[PDB]
Amino acid sequence: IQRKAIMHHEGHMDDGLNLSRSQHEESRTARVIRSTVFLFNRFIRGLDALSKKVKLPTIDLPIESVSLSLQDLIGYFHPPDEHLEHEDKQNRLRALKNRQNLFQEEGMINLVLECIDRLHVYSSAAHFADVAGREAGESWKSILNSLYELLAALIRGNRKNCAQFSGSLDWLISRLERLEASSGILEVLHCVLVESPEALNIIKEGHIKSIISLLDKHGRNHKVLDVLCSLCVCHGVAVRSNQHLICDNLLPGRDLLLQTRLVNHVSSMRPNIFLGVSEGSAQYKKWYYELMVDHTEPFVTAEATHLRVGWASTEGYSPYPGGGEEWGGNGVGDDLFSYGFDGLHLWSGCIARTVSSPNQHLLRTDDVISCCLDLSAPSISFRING
Amino acid sequence: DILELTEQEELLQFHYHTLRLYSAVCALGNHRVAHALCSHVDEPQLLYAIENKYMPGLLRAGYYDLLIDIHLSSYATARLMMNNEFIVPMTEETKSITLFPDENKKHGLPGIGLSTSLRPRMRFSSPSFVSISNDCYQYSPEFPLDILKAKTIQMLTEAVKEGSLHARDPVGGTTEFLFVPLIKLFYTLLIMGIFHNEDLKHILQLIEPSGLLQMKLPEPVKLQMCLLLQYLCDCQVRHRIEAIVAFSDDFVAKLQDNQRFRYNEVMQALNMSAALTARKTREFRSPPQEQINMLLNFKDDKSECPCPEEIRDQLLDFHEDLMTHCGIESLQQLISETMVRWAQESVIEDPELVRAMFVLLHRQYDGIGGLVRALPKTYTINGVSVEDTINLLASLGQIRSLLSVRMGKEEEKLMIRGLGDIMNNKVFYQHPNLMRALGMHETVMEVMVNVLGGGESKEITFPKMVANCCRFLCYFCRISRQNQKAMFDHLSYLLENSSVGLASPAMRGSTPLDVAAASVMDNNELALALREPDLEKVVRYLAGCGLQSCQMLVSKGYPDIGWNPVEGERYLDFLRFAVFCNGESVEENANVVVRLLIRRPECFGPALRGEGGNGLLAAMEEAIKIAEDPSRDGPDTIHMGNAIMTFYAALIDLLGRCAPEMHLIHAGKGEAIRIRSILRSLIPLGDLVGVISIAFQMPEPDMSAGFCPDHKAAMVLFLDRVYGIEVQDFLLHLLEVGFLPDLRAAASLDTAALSX
Amino acid sequence: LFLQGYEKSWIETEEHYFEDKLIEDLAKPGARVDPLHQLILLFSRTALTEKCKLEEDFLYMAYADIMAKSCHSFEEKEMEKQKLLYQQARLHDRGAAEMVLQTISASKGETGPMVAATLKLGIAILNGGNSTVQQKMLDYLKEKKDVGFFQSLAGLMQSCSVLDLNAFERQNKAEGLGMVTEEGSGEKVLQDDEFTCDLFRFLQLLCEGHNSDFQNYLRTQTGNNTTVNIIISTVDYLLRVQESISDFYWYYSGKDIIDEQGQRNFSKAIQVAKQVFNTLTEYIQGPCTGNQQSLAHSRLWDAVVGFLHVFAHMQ
Amino acid sequence: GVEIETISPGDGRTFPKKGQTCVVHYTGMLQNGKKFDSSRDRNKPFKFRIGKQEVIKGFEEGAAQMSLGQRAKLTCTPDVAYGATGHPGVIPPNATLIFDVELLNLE
């Protein structure tokens, strides 16, 4: 329905032009929209003329002005303080929702997306410096960060905005791997997934794979995990497909994230004996002792009973022998400063090597072991039951 | 060491967030991922983390929530869903709690006694991955519930002992991290059907002694305390209802033989008079509902009271016991004291906590409101159908969980299976009252609106789910007399999206329009209560289908006729079911339907009404020739000629059934004459007799998707209900033109009979 | 069936009296902010939380009923009036008038149980010529210049309930032959007369005392962008109910017999019309030339002519 | 593909036979020592039938070569345990499993 108004001579007696005062809040918001769209169209024209081909530097590229305008718009869309009066906070929330609706209904989000694309066509700040200049290459990072913050603030509280522009999630997640605006892109994705349930219906397996690869590349960041939580559950409802995709593609190999185990406390005992070799005064470089066991359960509570015996070195001629720090699962043979034997394997550097022996078995009860050690040419040795 | 994360802020936060992710990836009833996460963390590491005193607190809460979500949340949510439904059997264990100890100076402890109520069976599959192709892995991962019970009991004792002295380092950090996860675990454990009387006494020995409600606890702790107390009152209300049913069994057992004895005594000492047949009609009529309604009213000096005054004293004793057991004139008193004290201590944030506290206080002060709200939902069944009712409740809980989770292919398949189960459960036939008490139609309607949401006419996502829902609703309304009235409220909604499912002769049953027609079908009271906020919508839909081409047949290859006869047929079927019920024409409904159809002329066929086609004769001859030439169809298929024919037959049938009457009221009423004159001006008589005279071929079998005698049957019905046969000339005329050829064709039959 | 009957007519027959003691021991400052004041603030924050539809809020529906039932030969009359004033003070010094106004304004003019309970609370808080609560409400409406309250009142007055004859005829046709239910719930002919009379009694109590300021604020909301005439809305509803009564008399004109359904519908119509007339009297009482001219320049004369006709013929 | 390494001899007299519900106690782990499954955690054994196509081949064919009270290390390969698809969520594609198979009872 579009009844185009035409100014004719006679007129008809049915116009009835009633007036509405256009509240000062809405008027200020609209004039701000006009100023911002003008400045952004100016910046877009300048960047397009600069990128399409080399041109004269006598173009309008208000880097400083657009930075200041973004800094002002972020504060304009800043959420109200939580430590405030309830009534005033609700009024500020309503005003922010009105501003967001006005900015959405005038084609501003697509404008910000166009600016973001024309800023991301360049690779790095050094790559932007030789094309735009020193100051523009210096503050291109700041401009991109401010633009992403503004895009997030425009959609932080509102729901219609997210349900409307949700079709740009493909472009968002594709640009997510720019290595430079990852924080802003992740924040925008989180605030668009936490509110709009329409967004979860277009998140396919490729997007989840890309987010998990982002987690694998950029490191351990809890924002990725929050985005995954929002993908699994949006509003009191679960998405079985997304949950299965997360469970299959996030922890199949257990290297994406931290692992955890329940291990035992092992203890290292020794007699007051020290064996060192040097030139001149030596100790015959040959030693030996024996072992018996009275009682040994195979599994005390939940895991295999750690029981090894061997020889441990030190830091030259000092106490405090090998081991990581203390109290861990590091017995003997679990490092390069120790050499142990458990009955079936040989431990040297937390790497067990299997050996062959008549009736090979662990150090069960009624097992007599004999430990011998020659120092210069050969090394330690074990004899099970003779 | 995991305890070293107390100082490292990065690994602490990252592990807290990955515990939250483990929780969120299997929060709802998703067990295929819980069966993986169990081993991905451990079986007993959860115990060790809830057991260790030295914890950062974030990891403690995370491990607590993870244990809850992967081992207990499924059955906890199942019980929370099927917790307000008080389904009772009729076994002798029910009649054992007829005392409900309240007299002789005792009130009892909440949760102590006998349950003997229908509850969902709990079971947890054993997590094993060496077993390839597990059976279902659908219930839950298995956990040592008894060990967890003992551990949480001793830890709650230790925690309250530590909090009584106000230490400077509670477990996990703040008193929040100390209490909230522990009391949440205890709450979900008490919910999930453990803490039998032995352990429940010991639990009450730390909150009851007059404790935990006397300490200065923060807001997140007292919120869980309010939830725990709300459950402690819910189980008390359940015990009250169980005792009510236990007493009611024997009371009605006595009353039934009492009234039967008084009836037999009247039979013997009849002593004919005038009031005797009145008493007879009172006993025969007045169904059991109003019979009980009349025999239960004695609170004033004198009213309608039957002869058995001896049971009235027992009823008064039971009611007085009930009122003294309720809040009117110690658990309710102490809960009230704690709530008022918490409210008076300081201004309370957390409006959720404030609301929980206030609703708990209100229900404690009211007492009876829980009864008047829960007695409409309670229901006793039998002692023989217990497993069948358990299967029904399990399938209903599955349907509710599927409603909670989002809709997909597997979810749609499981919902269809659950609907089939509750339809073949064999208790749906016997007890529809229990079905309304549980609200199965409510959940099915919610599922249907969730499926229909998203698209109006572009595309209906997840097809056949709305079909199964509509079929279940149709059958639910069919086997009943009051389920139709209960569903009539949703008719005003489903008529707006009734356009879906039409234009497809593959589902003559399941459809929103068809479930509407089934709800109004065979119910005079509903046909009368059906006013016109939606009849106008129906005629608007009929006008749209008669004007447009439905944009569905041009995609299949049909010749794009200037009107749709497949949706008009269904609309006229619904209008007929709404206007003609039990064999008589609803007067005002017929009147308003005629008004709408005459104000909107495009509802009729273009070849019958309008400045184009001549009338019904030419219209149906054109329809027959379209049926005969295959060049005007879609290359199971929709025969366009047959569709036009059944559309016109349905319109004629609707007009004949919306005719004023067969003249009982028309002999004296003027608007009846006006409606009959309007119908006669619409459909002439020569057209009717010419349409009757077609002499359909009677065959080597043939196809029944062409010109069937149902069309001429509807024509005869219209002629009888509008014009009628009263003069010898027209009677013999009609008999000669239309009736003799059809009767001869029906008589020409020896063995090959394919068209009944 | 026995259990259903027991639930229906054995338990909810006024078997408790706890509203007064509950309000008392909730308003007692045991020691800040009283618990009743905290509850009122919670309800006010819930009503001020801007949404698209007023929620059910069983909490509010159960507590407004209690706070309304808590309230209610010269010495005893003065003493009971003073006790009523004391109870109204106890439960409105904590901001219950603002709560009622906010809950009415947060309904967008749509009839519901929340609005019914809130109007019952407003009646119980404005019983008699309580001028303190009226002044509080007027100061609140003036310091928060909102038209939502007035348009909600207008929508409620426009779509509360009106007698219809088609539904009565359908009910008669149903009860003529259908004995399956007897149609014991005589509804659909006058939807919620309780809510209608409650709304008009709330307006009557708003204009109970000769408050010229409030009587002019209910006519021309000076200071707001758009104004709605509550007086004109009331006279329009009076005309509507007069036409409905006239039609119902035309139906029951000739048989000279009134069944019990007919008598009950007559009584409900008479009660609603009497409440409307009392509201109009409280609007125009005193030298309020504004409201006097508003009623004189409206369709009130046709309404009173039809009322005189129906009065003569029915008597 | 399936192999066995004796950890503790179990007298080598009674062996599992076809058509029995054998009682085992196992703790599994991946190739890199990361534990993925066990039976000593939930404190209950694992009862499984031999030759009924319910337990993976790398486990059943290795348990069919043990004796009562015997402990063994069973090492498997992907083609005998889970294949190129693995177990969705738990086992990565082409992962070799290692089990501490301890034989408790023979039924």
# chains A, B, ... in the order shown; residues from 1 in each chain; ligands from 1
>>> residues_around(residues="segment 69-83 of chain D", least_positions_apart="6", cutoff="7 Å", atoms="only C-alpha atoms", output="ChimeraX atom specification")
/D:1-10,56-58,62,94-104
>>> interface_residues(of="chain B", to="chain A", cutoff="6 Å", atoms="only C-alpha atoms", output="ChimeraX atom specification")
/B:14,21,24-25,404-406
>>> interface_residues(of="chain B", to="chain C", cutoff="8 Å", atoms="only C-alpha atoms", output="mmCIF file with N, CA and C atoms, in the first residue's frame")
data_model
loop_
_atom_site.group_PDB
_atom_site.id
_atom_site.type_symbol
_atom_site.label_atom_id
_atom_site.label_comp_id
_atom_site.auth_asym_id
_atom_site.auth_seq_id
_atom_site.Cartn_x
_atom_site.Cartn_y
_atom_site.Cartn_z
ATOM 1 N N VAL B 245 -8.088 -40.420 49.505
ATOM 2 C CA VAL B 245 -8.529 -41.503 48.630
ATOM 3 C C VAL B 245 -8.726 -42.791 49.423
ATOM 4 N N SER B 248 -11.973 -42.435 51.156
ATOM 5 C CA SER B 248 -13.052 -42.362 50.181
ATOM 6 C C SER B 248 -13.398 -43.730 49.623
ATOM 7 N N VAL B 252 -17.294 -44.718 49.948
ATOM 8 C CA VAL B 252 -18.160 -44.950 48.799
ATOM 9 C C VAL B 252 -18.540 -46.422 48.700
ATOM 10 N N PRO B 288 -24.501 -40.398 37.736
ATOM 11 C CA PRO B 288 -23.808 -40.468 39.033
ATOM 12 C C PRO B 288 -23.177 -39.166 39.492
ATOM 13 N N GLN B 289 -22.784 -38.275 38.580
ATOM 14 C CA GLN B 289 -22.170 -37.025 39.014
ATOM 15 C C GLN B 289 -23.149 -36.185 39.827
ATOM 16 N N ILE B 292 -24.201 -37.981 43.157
ATOM 17 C CA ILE B 292 -23.287 -37.673 44.252
ATOM 18 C C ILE B 292 -23.448 -36.222 44.682
ATOM 19 N N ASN B 293 -23.663 -35.329 43.712
ATOM 20 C CA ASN B 293 -23.828 -33.912 44.012
ATOM 21 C C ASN B 293 -25.009 -33.689 44.948
ATOM 22 N N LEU B 296 -24.383 -35.469 48.584
ATOM 23 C CA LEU B 296 -23.366 -34.837 49.427
ATOM 24 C C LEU B 296 -23.676 -33.348 49.550
ATOM 25 N N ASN B 297 -24.591 -33.008 50.463
ATOM 26 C CA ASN B 297 -24.754 -31.619 50.894
ATOM 27 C C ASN B 297 -25.447 -31.624 52.258
ATOM 28 N N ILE B 328 -5.446 -24.886 59.010
ATOM 29 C CA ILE B 328 -6.457 -24.179 59.784
ATOM 30 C C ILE B 328 -6.618 -24.837 61.150
ATOM 31 N N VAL B 340 9.014 -15.349 57.740
ATOM 32 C CA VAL B 340 8.836 -14.001 58.273
ATOM 33 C C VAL B 340 10.133 -13.482 58.881
ATOM 34 N N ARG B 341 10.921 -14.354 59.515
ATOM 35 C CA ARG B 341 12.188 -13.915 60.089
ATOM 36 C C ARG B 341 13.177 -13.512 59.002
ATOM 37 N N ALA B 343 12.391 -12.389 56.100
ATOM 38 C CA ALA B 343 11.912 -11.145 55.509
ATOM 39 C C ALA B 343 12.155 -9.952 56.426
ATOM 40 N N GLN B 344 12.133 -10.166 57.743
ATOM 41 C CA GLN B 344 12.340 -9.073 58.686
ATOM 42 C C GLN B 344 13.811 -8.799 58.969
ATOM 43 N N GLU B 345 14.699 -9.756 58.687
ATOM 44 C CA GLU B 345 16.116 -9.560 58.985
ATOM 45 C C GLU B 345 16.685 -8.369 58.224
ATOM 46 N N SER B 346 16.489 -8.335 56.910
ATOM 47 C CA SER B 346 17.020 -7.253 56.092
ATOM 48 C C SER B 346 16.277 -7.232 54.766
ATOM 49 N N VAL B 347 16.469 -6.141 54.022
ATOM 50 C CA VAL B 347 15.909 -6.053 52.679
ATOM 51 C C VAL B 347 16.536 -7.131 51.811
ATOM 52 N N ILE B 348 15.701 -7.836 51.055
ATOM 53 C CA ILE B 348 16.112 -9.023 50.317
ATOM 54 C C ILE B 348 16.168 -8.691 48.833
ATOM 55 N N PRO B 351 14.688 -11.065 43.421
ATOM 56 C CA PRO B 351 13.222 -11.174 43.355
ATOM 57 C C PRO B 351 12.723 -12.594 43.163
ATOM 58 N N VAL B 354 12.642 -13.820 46.649
ATOM 59 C CA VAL B 354 11.516 -13.191 47.336
ATOM 60 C C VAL B 354 10.208 -13.870 46.950
ATOM 61 N N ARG B 355 10.020 -14.124 45.652
ATOM 62 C CA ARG B 355 8.799 -14.760 45.176
ATOM 63 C C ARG B 355 8.662 -16.174 45.723
ATOM 64 N N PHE B 358 7.694 -15.987 49.369
ATOM 65 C CA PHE B 358 6.329 -15.528 49.594
ATOM 66 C C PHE B 358 5.303 -16.572 49.170
ATOM 67 N N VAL B 359 5.555 -17.299 48.078
ATOM 68 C CA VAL B 359 4.607 -18.345 47.704
ATOM 69 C C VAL B 359 4.640 -19.478 48.721
ATOM 70 N N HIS B 362 2.606 -18.204 51.651
ATOM 71 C CA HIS B 362 1.184 -18.166 51.330
ATOM 72 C C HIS B 362 0.580 -19.562 51.342
ATOM 73 N N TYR B 365 0.212 -20.747 54.946
ATOM 74 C CA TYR B 365 -0.930 -20.138 55.618
ATOM 75 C C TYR B 365 -2.267 -20.593 55.052
ATOM 76 N N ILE B 368 -5.475 -25.292 52.439
ATOM 77 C CA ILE B 368 -6.527 -25.921 51.649
ATOM 78 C C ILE B 368 -6.383 -25.636 50.162
ATOM 79 N N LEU B 371 -5.158 -28.336 48.186
ATOM 80 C CA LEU B 371 -6.142 -29.399 48.007
ATOM 81 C C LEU B 371 -7.130 -29.060 46.896
ATOM 82 N N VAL B 372 -7.692 -27.848 46.912
ATOM 83 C CA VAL B 372 -8.652 -27.495 45.868
ATOM 84 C C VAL B 372 -7.981 -27.372 44.502
ATOM 85 N N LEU B 375 -6.931 -31.750 43.848
ATOM 86 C CA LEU B 375 -7.999 -32.739 43.766
ATOM 87 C C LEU B 375 -8.606 -32.829 42.366
ATOM 88 N N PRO B 376 -8.724 -31.729 41.611
ATOM 89 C CA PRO B 376 -9.116 -31.872 40.200
ATOM 90 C C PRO B 376 -8.131 -32.677 39.369
ATOM 91 N N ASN B 524 -24.705 -31.139 20.372
ATOM 92 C CA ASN B 524 -25.631 -30.020 20.226
ATOM 93 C C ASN B 524 -25.170 -28.816 21.039
ATOM 94 N N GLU B 525 -24.692 -29.050 22.264
ATOM 95 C CA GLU B 525 -24.268 -27.938 23.108
ATOM 96 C C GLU B 525 -23.091 -27.191 22.490
ATOM 97 N N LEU B 528 -24.178 -25.216 19.439
ATOM 98 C CA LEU B 528 -24.873 -23.991 19.819
ATOM 99 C C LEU B 528 -23.908 -22.951 20.376
ATOM 100 N N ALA B 529 -22.946 -23.378 21.200
ATOM 101 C CA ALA B 529 -21.951 -22.456 21.735
ATOM 102 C C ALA B 529 -21.007 -21.936 20.659
#
>>> closest_atom_pairs(of="chain D", to="chain B", cutoff="7 Å", atoms="only C-alpha atoms", output="JSON lines")
{"residue": "D:36", "atom": "CA", "partner": "B:39", "partner_atom": "CA", "distance": 6.0}
{"residue": "D:37", "atom": "CA", "partner": "B:39", "partner_atom": "CA", "distance": 5.9}
{"residue": "D:41", "atom": "CA", "partner": "B:43", "partner_atom": "CA", "distance": 5.6}
{"residue": "D:42", "atom": "CA", "partner": "B:43", "partner_atom": "CA", "distance": 6.3}
{"residue": "D:54", "atom": "CA", "partner": "B:131", "partner_atom": "CA", "distance": 5.6}
{"residue": "D:55", "atom": "CA", "partner": "B:131", "partner_atom": "CA", "distance": 4.3}
{"residue": "D:56", "atom": "CA", "partner": "B:132", "partner_atom": "CA", "distance": 5.6}
{"residue": "D:89", "atom": "CA", "partner": "B:36", "partner_atom": "CA", "distance": 6.3}
{"residue": "D:90", "atom": "CA", "partner": "B:36", "partner_atom": "CA", "distance": 5.9}
>>> interface_residues(of="chain C", to="chain A", cutoff="10 Å", atoms="only C-alpha atoms", output="compact mmCIF listing (two decimals) with N, CA and C atoms, in the first residue's frame")
# COMPACT_ATOMS: atom_id res chain seq x y z
N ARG C 45 7.77 -3.61 41.00
CA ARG C 45 8.84 -3.84 40.03
C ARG C 45 8.39 -4.80 38.94
N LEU C 48 6.24 -2.76 36.65
CA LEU C 48 7.02 -1.78 35.90
C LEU C 48 7.97 -2.41 34.90
N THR C 49 8.30 -3.69 35.07
CA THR C 49 9.11 -4.38 34.08
C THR C 49 8.34 -4.47 32.77
N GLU C 50 8.77 -3.68 31.79
CA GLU C 50 7.99 -3.48 30.57
C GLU C 50 7.97 -4.75 29.73
N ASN C 225 0.11 14.18 26.58
CA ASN C 225 0.03 14.47 25.15
C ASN C 225 -1.39 14.25 24.62
N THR C 226 -1.96 13.08 24.86
CA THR C 226 -3.32 12.76 24.44
C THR C 226 -4.18 12.50 25.66
>>> residues_around(residues="segment 44-49 of chain A", least_positions_apart="2", cutoff="7 Å", atoms="only C-alpha atoms", output="PyMOL selection string")
chain A and resi 40-42+51-53+55+59-61+115+118
>>> residues_around(residues="residue 67 of chain C", least_positions_apart="3", cutoff="9 Å", atoms="only C-alpha atoms", output="mmCIF file with N, CA and C atoms, in the first residue's frame")
data_model
loop_
_atom_site.group_PDB
_atom_site.id
_atom_site.type_symbol
_atom_site.label_atom_id
_atom_site.label_comp_id
_atom_site.auth_asym_id
_atom_site.auth_seq_id
_atom_site.Cartn_x
_atom_site.Cartn_y
_atom_site.Cartn_z
ATOM 1 N N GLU C 19 -6.614 -13.574 56.595
ATOM 2 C CA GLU C 19 -6.067 -12.424 55.881
ATOM 3 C C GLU C 19 -5.630 -11.325 56.840
ATOM 4 N N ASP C 20 -6.448 -11.034 57.853
ATOM 5 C CA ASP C 20 -6.132 -9.941 58.767
ATOM 6 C C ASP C 20 -4.878 -10.245 59.579
ATOM 7 N N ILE C 23 -1.776 -10.113 57.253
ATOM 8 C CA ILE C 23 -1.333 -8.751 56.977
ATOM 9 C C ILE C 23 -0.698 -8.138 58.218
ATOM 10 N N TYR C 63 -2.051 -12.865 46.383
ATOM 11 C CA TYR C 63 -1.790 -11.904 47.449
ATOM 12 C C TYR C 63 -2.669 -10.663 47.382
ATOM 13 N N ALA C 64 -3.068 -10.221 46.188
ATOM 14 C CA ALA C 64 -4.006 -9.107 46.104
ATOM 15 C C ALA C 64 -5.347 -9.484 46.715
ATOM 16 N N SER C 70 -8.431 -8.464 53.693
ATOM 17 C CA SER C 70 -8.031 -8.002 55.019
ATOM 18 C C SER C 70 -8.876 -6.815 55.468
ATOM 19 N N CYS C 71 -9.141 -5.876 54.562
ATOM 20 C CA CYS C 71 -9.995 -4.740 54.887
ATOM 21 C C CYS C 71 -11.450 -5.178 54.975
ATOM 22 N N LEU C 91 -1.918 -0.988 54.921
ATOM 23 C CA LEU C 91 -1.578 -1.625 53.654
ATOM 24 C C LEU C 91 -1.477 -0.655 52.480
ATOM 25 N N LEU C 121 -8.543 -5.060 44.784
ATOM 26 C CA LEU C 121 -7.638 -4.430 45.741
ATOM 27 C C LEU C 121 -7.840 -2.920 45.782
ATOM 28 N N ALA C 124 -10.995 -2.308 47.799
ATOM 29 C CA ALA C 124 -10.752 -2.521 49.220
ATOM 30 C C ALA C 124 -9.820 -1.474 49.815
ATOM 31 N N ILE C 125 -9.020 -0.804 48.987
ATOM 32 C CA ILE C 125 -8.127 0.236 49.481
ATOM 33 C C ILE C 125 -8.769 1.619 49.425
#
>>> select_by_dssp(residues="segment 130-306 of chain A", states="strand (DSSP E)", output="ChimeraX atom specification")
/A:286-291
>>> write_last_selection(atoms="C-alpha atoms", output="short mmCIF file (atom, residue, chain, number, x, y, z; two decimals), in the first residue's frame")
data_model
loop_
_atom_site.label_atom_id
_atom_site.label_comp_id
_atom_site.auth_asym_id
_atom_site.auth_seq_id
_atom_site.Cartn_x
_atom_site.Cartn_y
_atom_site.Cartn_z
CA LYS A 286 80.21 -52.64 42.53
CA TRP A 287 77.18 -52.99 44.82
CA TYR A 288 74.24 -55.33 45.35
CA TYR A 289 71.26 -56.01 47.62
CA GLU A 290 68.07 -58.06 47.80
CA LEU A 291 64.26 -57.77 48.03
#
>>> residues_around(residues="segment 180-196 of chain B", least_positions_apart="4", cutoff="6 Å", atoms="only C-alpha atoms", output="PyMOL selection string")
chain B and resi 61+64+76+176+200+221
>>> residues_around(residues="segment 145-160 of chain B", least_positions_apart="3", cutoff="7 Å", atoms="only C-alpha atoms", output="number ranges by chain")
B: 163-164, 186, 212
>>> residues_around(residues="residue 31 of chain B", least_positions_apart="4", cutoff="8 Å", atoms="only C-alpha atoms", output="list in words")
residues 26, 35, 70, 137, 138, 139, 140 and 141 of chain B
